[PDB]
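So this first bit is one chain, no partners, the form solved without its partner chain, shown in structure tokens.
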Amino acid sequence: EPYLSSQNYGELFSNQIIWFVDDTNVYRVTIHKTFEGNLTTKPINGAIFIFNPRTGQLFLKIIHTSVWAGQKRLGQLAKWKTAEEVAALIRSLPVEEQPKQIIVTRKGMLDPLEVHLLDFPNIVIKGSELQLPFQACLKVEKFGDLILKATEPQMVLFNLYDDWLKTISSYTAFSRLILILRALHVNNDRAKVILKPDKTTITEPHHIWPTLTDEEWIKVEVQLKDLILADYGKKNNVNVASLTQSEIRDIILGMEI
């Protein structure tokens, strides 16, 4: 499976078009109370996240619950549907915009993609030793509201780097994005506080993330990193002070240490 690693991910920022494909939340449920009072779940709209780490481009394919109607083994179906939708997107693009590499968030996507991309034999499909939680996008109201409200499947295009590439590298933007996503992933409440340093902190309507000065981003990034390491340390009973620089890099990236 896992070719992408914390020691070769510099590759991500070169000339080949690369997509991460996350199928984690294609078939999706929410917790709800039955009015009768009891706790249980109900299926809600899902999404495929398809992400280019150099450009910041996000293809968001909303999956309406109607696809599940009358089907068994929804976990399996979700994987096969994701592969079908990724293949469809590739075919819809001119050859010069088609990816050369697909990196799957989950190994379960390896085989379905191989089968659907049988007519694109030179596309490399690989797993990742990292664990980049694109699912944390669901905790961003913009995305959470859009997916939940959908009445039909649809593709919506976004960019997860906002205007950052005007002043910082893809690597630096990726590193910022991963800090944001992993922080949201592990502690939604604390991350959103960190991402709102001033009462005047706002996000532009055409953006995903707050408008912050260069200096404000530095502080945010320190605080997010601090949150991720403390959370990890608590979960794994490891003292943060004991961590090496390399271990810290691995933790942020979601890699096993």
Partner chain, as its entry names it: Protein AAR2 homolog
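Residues that one form lacks are left out of the comparison. Numbering follows the first chain given and starts at 1. Note that the rigid core is defined as the largest set of C-alphas that superpose within 1.5 Å between two forms.
Unshown form deposited with its partner chain bound; subsequent notes refer to it.
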Original post:
Looking in the deposited bound form, any heavy atom of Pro133 within 4.5 Å of its partner chain?
Top reply: no
**OP:** Give a yes or no for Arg176: in the deposited bound form, does one of its heavy atoms lie within 4.5 Å of a heavy atom belonging to its partner chain?
**Re:** no
Original post:
For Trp209, is any heavy atom within 4.5 Å of its partner chain in the deposited bound form, or not?
Top reply: no
Original post:
So, in the deposited bound form, is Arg73 in contact with its partner chain at a 4.5 angstroms heavy atom limit?
Top reply: yes
Original post:
For the chain shown here without its partner, which stretch in 216 to 224, 53 to 61, 28 to 36, 192 to 200 has non-hydrogen atoms within 4.5 angstroms of its partner chain in the deposited bound form?
Top reply: 28 to 36
Original post:
Which residue among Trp80, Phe158, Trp164, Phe143 has a heavy atom within 4.5 angstroms of its partner chain in the deposited bound form?
Top reply: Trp80
Subject >> its partner chain: the contacting residue among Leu148, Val124, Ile168, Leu93 in the deposited bound form [heavy atom, 4.5 Å] >> reply: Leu148
**OP:** Would you mind checking 92 to 117 for residues with a heavy atom within 4.5 Å of its partner chain in the deposited bound form?
**Re:** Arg106, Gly108, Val115, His116
Original post:
Where does the C-alpha shift reach 2 Å or more between this form and the one not shown among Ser66, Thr200, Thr34, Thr213, given a fit on the rigid core?
Top reply: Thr34
Original post:
Any CA movement of 2 Å or more for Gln16 between this form and the one not shown, core superposed?
Top reply: no
Subject >> Shift in CA distance, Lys33 and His185, in the deposited bound form relative to the form shown here, given it is 3 Å or more >> reply: farther
Original post:
Versus the form shown, are the CA atoms of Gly37 and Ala69 closer or farther apart in the deposited bound form, given a shift of 3 angstroms or more?
Top reply: closer
**OP:** Superpose the two forms on the rigid core, then report in sequence order the stretches of at least three consecutive residues whose Cα positions each move 2 Å or more between this form and the one not shown.
**Re:** 30 to 42, 244 to 247
